[PDB]
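*Asks:* Right, I'll just put the structure down here and ask away after.
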């Protein structure tokens, strides 16, 4: 940086703290990643200056020739990446991508079936304190109490009983592969649209390591910043038949001017995802998660669903008589970043929880491999088995420092 | 840029075209500006990597100590700038800032009174193709057919007849000062909340060149990217009594994770606005607009309301028997960027219009003054009085090039 240090010492000092934090800590938040310097440069571009309401070749203002090129690059690379008939790269966030799909096909008070929030569903899939649960009538399907795998007979029963206009598949804390074919079969039986929110698994889908929801879903929503390793924002993929309605839902429906600099960054991230090395990266993410899962089990930990098929795992801390809150706090003390997370059929409130959610996308980006996974599990074992020993926590602290150099 | 040129030639070439375009053209789009290199560096920072759902000191994830410092800097500088009791700097856009206020105080189908869209109101103030007009029952107040000034007796009559739960004051194309005191008096008479959307005039308010809505309004919404000359995004200001509800409306209500890098950029822009030279800049914006207005009138143009009190003006092209669409197209041919815009009581559709909207914020930022305003008006006169002469358009082209160097 050149101008920010002189213009704003306070903001610069805080950013530098954050930059150093990002390097020093072991980042295991499942939703996070590290973007390339190219992605950041696009975000730091003059494209922030341009109002571009509308769409490429169909804008409501002149002088968009070049931002049109950028947006089309993003849309076309997204279509190449996921095989979608249409892409909308304007959503400001995952929240707004989901909001726009709901705006497209639902009326106020319509019934929607989504994954139980305490079983892995996202806030935007029907939380009563979120617009989704306030605006629409959300019902929930659950996972099996033993296997923690989505109960597809429950999905079917809830759909047949409640008759939703829309079914939502996907999750913020589900460590197994989702059967989109089964979701579509149920959706077809009850005459419902199928929306798949692939935010967490989008990078894995792009690399062919998770089944692609695009052929089965009417609408696919995603964030660009999780496993897809792009800038912070949203995207909608859909069948050409809904293209016009989806575009109108984003604008003039729920947003105004798009963030053209973020859209530039989206294009860059999509370009990166198209490369062979991203596919190798994505395999290492899943390989690392499976290794981390096994290594944690070796340390005596119980995992929700007994392991993972993707980038994330959920530790059930009940055998250790710890809450997710206690675990998150003590790991923070040693330099490991996780989040407390509800487990299926959690006896604790979502503000306390019986679990921690862990993902490998971020550490994999930094070059961590199987040996590092073994060590991370060993450190977690050391900490959580010795929460009252400052000696153990200091050793953990040092071993964390050894991993991050 | 260092990494983007190598990683993504296509995106870089398009950004460079856009950068050069921004320098070559005379940018008169009233909603646009040019941000500082410091603002852009903040947007191009590693802060994009951080999930920070929640608020400073009250986050739903650890490791936010430093992004908390950044967000508090933004909130506190905003409070210093506008004298608000509370700030929320998380809105992704003006659209989302307005959305959150509506979410806070209204239920689906509630009556809201806003400015007639064809008289200057924004899309998010009740357009039937926008969430606002679909979700709530919007009624409209108008401007006087002769003076084009808000008819406050009409505001009062509509409020007394329709009994709105909320009154919205502010505009995307209103060139005169808005009387927030009168809006609040009407709001008090009918027992309605008052929301002021100051998006366009926010920088002028910050510099004391437009009356501050904060003392009169329950909620003030704004974008950060217009006269405030910041990054693209939104903000809500409100009385402490609504602070908790407003924060919950943004999250977990209508958004998810905030854009911490954009929030950093917001803080930087607010820091810049606090400086003495921003106040001098803002005065030049208004001085330039009044000069441009006078110079256009000298060229024989009719202006909506007979001039301007702010950064923007609206040309009524009916005397010249031109549509806004025709005017926008031909000015694009010579390197002047305007937008077609409906005039009050426009006989034309909003896709054709009888007007062009012009603002001075952008050209003022680049250092244009009164002499440049005179020349811009003269060029506009030359073009619009000679739409069929390629010779005149080429001369205009050259004179535009002379202004932008």
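*Asks:* Nearest 5 is fine: what % of DSSP beta bridges in chain B come out antiparallel, could you say?
*Replies:* The answer is about 55 percent antiparallel.
*Asks:* Would you mind telling me which residue in B:222, B:48, B:308 has the biggest mean-square fluctuation in a Gaussian network model of chain B, where springs connect alpha carbons within a distance under 10 angstrom?
*Replies:* Greatest mean-square fluctuation among the candidates belongs to B:48.
*Asks:* Output the antiparallel fraction of DSSP beta bridges having both residues in the protein assembly as shown, as a percent to the nearest 5.
*Replies:* Antiparallel bridges: around 55 percent, rounded to the nearest 5.
*Asks:* For residue A:245 and residue A:405, what is the calculated FRET efficiency with R₀ set at 45 Å and r taken between the beta-carbons, to the nearest 0.05?
*Replies:* The calculated FRET efficiency here is 0.35.
*Asks:* Counting C-alpha atoms alone, how compact is the stretch B:271-400: give Rg to one decimal and Dmax as a whole number, in angstrom.
*Replies:* Considering the stretch B:271-400 through its Cα atoms, Rg and Dmax are 14.9, 48 Å.
*Asks:* Next question. At what distance in angstrom do the alpha carbon centres of the stretch A:86-164 and the stretch A:210-224 lie from each other?
*Replies:* 14
*Asks:* Go ahead and set up a Gaussian network model of chain B, Cα springs under 10 Å, then flag whichever of B:265, B:61, B:199 fluctuates most.
*Replies:* Judging by the Gaussian network model, the answer is B:61.
*Asks:* How much FRET efficiency would the formula 1/(1 + (r/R0)^6) give for residue B:160 and residue B:137, where r is the Cβ-Cβ distance and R0 is 22 Å, rounded to 0.05?
*Replies:* For residue B:160 and residue B:137, the calculated efficiency is 0.85.
*Asks:* Then there's this: Does the stretch B:73-148 come out rounded, prolate or oblate, given a ≥ b ≥ c as the square roots of the eigenvalues of its C-alpha gyration tensor, rounded meaning a/c under 1.5 and, failing that, prolate meaning a/b above b/c?
*Replies:* oblate
*Asks:* A further question follows. Cut-off 10 angstrom, C-alpha nodes, Gaussian network model of chain A. Which of A:69, A:336, A:246 fluctuates the most?
*Replies:* In this elastic network of chain A, the residue with the biggest mean-square fluctuation among A:69, A:336, A:246 is A:69.
*Asks:* Same structure, new question: Counting other C-beta atoms within 10 Å, which of A:41, B:395 has the fewest, and how do the rest follow?
*Replies:* Fewest-to-most Cβ neighbours within 10 Å comes out as B:395, A:41.
*Asks:* Could you give, in nm with one decimal, how far residue A:350 is from each other copy of that position, shortest first, with labels 7 Å out from Cα toward Cβ?
*Replies:* 3.6
*Asks:* Post the alpha-carbon centroid distance, the stretch B:303-350 to the stretch A:378-405, in whole angstrom.
*Replies:* Here the answer is 67 Å between Cα centres.
*Asks:* By count of other Cβ within 10 Å, fewest leading, how are B:345, A:102, B:174, A:281 ordered?
*Replies:* Lowest to highest Cβ neighbour count: B:345, A:281, A:102, B:174.
*Asks:* Can you classify the protein assembly as shown as rounded, prolate or oblate using the Cα gyration tensor, where a ≥ b ≥ c are the square roots of its eigenvalues, rounded means a/c under 1.5, and otherwise it's prolate if a/b beats b/c and oblate if not?
*Replies:* Since a/c reaches 1.5 and a/b is larger than b/c, the shape of the protein assembly as shown is classed as prolate.
*Asks:* In chain A, what residue has the beta-carbon at the shortest distance from the axis of the rotation relating A to B, and what is that distance in angstrom, rounded to the whole number?
*Replies:* Nearest Cβ to the rotation axis, residue and whole-Å distance: A:44, 1.
*Asks:* In addition: If we hang a label 7 Å off Cα along the beta carbon direction at residue B:306, how far is it from the matching labels on the other copies, in nm, shortest first?
*Replies:* For residue B:306, the other copies' label points sit at 8.3 nm, shortest first.
*Asks:* Order of B:124, B:404 from fewest to most other C-beta atoms within 10 Å?
*Replies:* Listing B:124, B:404 from fewest to most nearby Cβ atoms yields B:404, B:124.
*Asks:* Still on this structure, please answer the following. Give me the distance in nm between label points sitting 7 Å out from Cα along the Cα-to-Cβ direction at residue B:276 and residue B:20, one decimal.
*Replies:* 4.1
*Asks:* How far apart are the residue A:160 label points across copies, placing each 7 Å from Cα toward Cβ, in nm, shortest first?
*Replies:* Label-point distances to the other copies, shortest first: 6.1 nm.
*Asks:* Let me ask you something else. Working out 0.36 nm times the residue gap between residue B:349 and residue B:188, then minus their Cα-Cα distance, what length gain in nm do you get to one decimal?
*Replies:* Additional length available on full extension: 54.4 nm.
*Asks:* For the stretch A:33-283, what are Rg and Dmax over the alpha carbons, in angstrom?
*Replies:* 17.7, 59
Quick reminder, even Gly has a Cβ in these numbers, built from the backbone with ideal geometry, and neighbours come from all protein chains shown. Where a number appears in this text, it was derived from the coordinates with a stated rule and is not lab data.
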